[PDB]
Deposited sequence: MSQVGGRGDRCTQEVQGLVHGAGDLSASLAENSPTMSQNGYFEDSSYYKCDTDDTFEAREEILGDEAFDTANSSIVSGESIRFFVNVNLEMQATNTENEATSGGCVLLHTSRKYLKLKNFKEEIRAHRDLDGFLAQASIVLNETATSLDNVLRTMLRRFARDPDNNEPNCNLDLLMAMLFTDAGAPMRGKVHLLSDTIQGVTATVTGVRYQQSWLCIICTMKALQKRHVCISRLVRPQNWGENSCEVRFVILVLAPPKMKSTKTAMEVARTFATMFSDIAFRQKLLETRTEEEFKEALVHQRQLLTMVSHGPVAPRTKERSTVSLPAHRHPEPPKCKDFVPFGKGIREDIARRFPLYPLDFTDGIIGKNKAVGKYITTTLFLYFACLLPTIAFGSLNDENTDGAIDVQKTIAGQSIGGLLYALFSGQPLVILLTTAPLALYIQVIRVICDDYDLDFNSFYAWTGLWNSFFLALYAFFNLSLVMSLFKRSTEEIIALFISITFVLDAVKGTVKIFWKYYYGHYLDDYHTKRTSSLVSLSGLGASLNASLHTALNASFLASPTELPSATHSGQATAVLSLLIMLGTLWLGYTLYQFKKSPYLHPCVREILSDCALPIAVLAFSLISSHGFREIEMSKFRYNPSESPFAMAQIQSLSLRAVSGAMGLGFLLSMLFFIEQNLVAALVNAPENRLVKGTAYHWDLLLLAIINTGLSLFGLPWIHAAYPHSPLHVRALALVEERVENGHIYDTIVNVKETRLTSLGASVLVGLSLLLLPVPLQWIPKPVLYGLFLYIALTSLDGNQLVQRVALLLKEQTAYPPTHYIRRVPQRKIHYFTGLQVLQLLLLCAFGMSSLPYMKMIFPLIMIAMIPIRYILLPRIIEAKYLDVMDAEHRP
């Protein structure tokens, strides 16, 4: 072995408040795969024994030794996760006494190449030869450290355009809030009305064409909204004894998505039915059965009261308090939703076994095949989804696999269970081939009960919709257009009134699908941390065409319901539920901290928040979060409808708990470190 001396030092960003800009040599579309070839081409561009000195193996270039660059500059940032390097660019420096004049070469690679440990996705290489080099390297790093400038340089097609862009960039670098009634809605409408034509024509016309990306994301959204829509329709049919069918769920989802895409601010939010909504509909069905009330009328009245409360919240600008919402409560809610998905799948398979395996109406074969198909669908979907994080696959391959993991698994296992195992008939969701509910035919006592239930549902809707909207409107997503929280809530209430009046299932912003929609509609910079791909969004196109097309396709899918879309057996839908439950915990810090018990704290990155905070306080915070999650499960997953209807109240209550009690029992600094 050979000893290596690594020296790290800061460099102040150049303060612009040039000759080498024009004298720089630009290489575009470099197809070389190795560092040696790229550097040889870059050096030849100047006009060789000069490439050898660039690395540590200076003096013994023939013998096989460690081949590492000597002087490099990169962008670095500090975060709770650790030290994140800017791996999209690299600046190599070489001070050669033989040379007489400074030389600068900027090379843009066709594909991101792995130039080092923290430079796994380098696309720009800035080689600076000097006869100092420090000043030129610093100024070029300062110019290249901008996230948008790198994308602008990527968009350039010619060397002259590259130099002009560089010159242009250098020159350029040189309480009581709720008192106003309806202020938030008016502000959101004013913000998002002028930008509306652009939403339709962002990528259709202009310098950048997004037709292919728009089509691909439209297909993604259509599939990822239809398949969960079918699963939720089947679940509701099982829960409501056929009151809400799969056809009703599909129609409601299509209408709601179309209305939201057409007439909402922040169109990137996707409306879909959720597991807690199914649980609450089950609560309504149980109450109606107990009190002999018509399901349709009671459901319509509950939806009407929920929409009324949501409109009251929107008009009074309550959404602002959602700024106090922290990540811990969000992750607790997400884990509860995943647990509800898992329990729905388990209940479905248990019912299948009870009806078929135990003969409580060849049933054993059907039950075993159902279990096998559900587990296999889950496994295949999870594997195809996790292939997205592989840093060695082509970007196209690992974005198609992410895009078409669940659809591929569903199709493959539907074929397996309907053609490979056609001799074993199994369960399929009901389909009997939209009348307004008789709201007037209901007692006043039932109206008051619906009022209370709608209040609880409105709290649930407020929390969920604002959570997903905040996720979509995160600062790291780089959304130029303004936010629309109150107008979005009002439109959600309106469309929910419309859906409830016709008995269609309720819908709100979908947590798993909205960030996925944003990512599919965004340009990202690949980052490799611990051997996994992480995406840094640079530009989101922010168009309504994708959501509108997805909604229209989902609506048109009603014609494929009888003959197609029914060969998908119920166990495939349960596997879809399981896949959603597992894949909704990708960035869950609560799950990470829970697993930390089985992991090694010292194993985490030196500057990781886990290693920074004492393990005792981390465990205390995890225990408090787990206690909150257990209490949420206890109320919101019991057999008692009267106590299953209360879980929105405790969802509201956790926010005051996190805001008040936890800082009193846990130090504020540690909570700030963990949450951020």
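Trainee: How would you list, in order, the spans of the deposited sequence that the model does not cover?
Mentor: In sequence order, the gaps with no modelled C-alpha are 1-104, 122-130, 161-172, 257-263, 307-335, 523-568, 641-644, 888-891.
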